[PDB]
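K.L.:
First the structure, which I've put down as structure tokens, then a few questions once you've had a look.
Values quoted throughout were computed directly from the atomic coordinates according to the rules given, and no laboratory measurement underlies them. Don't worry about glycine lacking a Cβ; one is built from the backbone with ideal geometry, like all the others, and counts go over all protein chains shown.
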Amino acid sequence: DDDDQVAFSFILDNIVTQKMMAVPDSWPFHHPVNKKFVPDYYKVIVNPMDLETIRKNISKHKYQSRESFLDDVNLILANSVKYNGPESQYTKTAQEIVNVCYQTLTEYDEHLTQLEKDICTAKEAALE
Ligand SMILES: COc1cc(C(=O)NC2CCN(C)CC2)ccc1Nc1ccc2c(n1)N1CCCC[C@@H]1C(=O)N2C
């Protein structure tokens, strides 16, 4: 019952590594953008986001529900749109990363909703 968070985060990590990181040519979004290859990236993108640091956030148990998890996932696509443009080949790839994530989230919807409530009802019964 305290593994409710450990289970939720384990599922989130596998979604990232087994489904999102499996999108064809998604390798530029696997890791923080190398400043050596695009120098001005951190001068135009103020909230940079990638899959590797989503996984580091998962390992720190930052996401207690899929809402905050999706906030950082959608941030990858928002940053590609702001940097690469809406019609970019990179942006279309990031859109498919976001697509396969929403896909497998509704795939596990009934299961995750259980974990999400058991995590939060434990959060409130612990501070109460
Ligand atoms: C070849 O490319 C890269 C290589 C490497 C690299 O470490 N490779 C070397 C490793 C050592 N080895 C000895 C030699 C190879 C890193 C980044 C590249 N490019 C890239 C990454 C991410 C984005 C990106 N590019 N782009 C492209 C346009 C800017 C924005 C857009 C974008 O959103 N994103 C997230």
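K.L.:
Of all residues in region 1-56, count the ones that are among the acidic types (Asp, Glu) and in contact with a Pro (Cβ under 7 Å, 6 or more places away or on another chain).
P.N.:
Result for region 1-56: 2.
K.L.:
Filter region 17-31 down to the residues that are surrounded by 15 or more Cβ atoms within 10 Å (Cβ to Cβ) and within 16 Å of the ligand (Cβ to nearest atom) and list them by number.
P.N.:
Within region 17-31, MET20, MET21, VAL23, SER26, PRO28, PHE29, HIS30 qualify.
K.L.:
So, one more: Name every residue in region 32-75 that is among the hydrophobic types (A, V, I, L, M, F, W, C) and away from the ligand (no atom under 16 Å from the Cβ), in order of residue number.
P.N.:
Answer for region 32-75, where residues must be among the hydrophobic types (A, V, I, L, M, F, W, C) and away from the ligand (no atom under 16 Å from the Cβ): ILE58, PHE69, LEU70.
K.L.:
Which pairs turn up if I take residues in region 19-33 that are in contact (Cβ under 8 Å) with a residue 40 or more places away in the chain and under 18 Å from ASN57 (Cβ atoms) and look for partners that are near the ligand (Cβ under 8 Å from one of its atoms) and of a type in the set (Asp, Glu) with beta carbon separation below 9 Å, at least 6 apart in sequence or on another chain?
P.N.:
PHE29/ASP50
K.L.:
Using the structure shown, decide if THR106 is surrounded by 16 or more Cβ atoms within 10 Å (Cβ to Cβ) and of a type in the set (S, T, N, Q).
P.N.:
no
K.L.:
Additional query: Of all residues in region 36-87, count the ones that are of a type outside the set (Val, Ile, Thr), farther than 24 Å from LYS19 by Cα and touching a residue at least 12 places away in the same chain (Cβ under 8 Å).
P.N.:
Total satisfying the criteria: 3.
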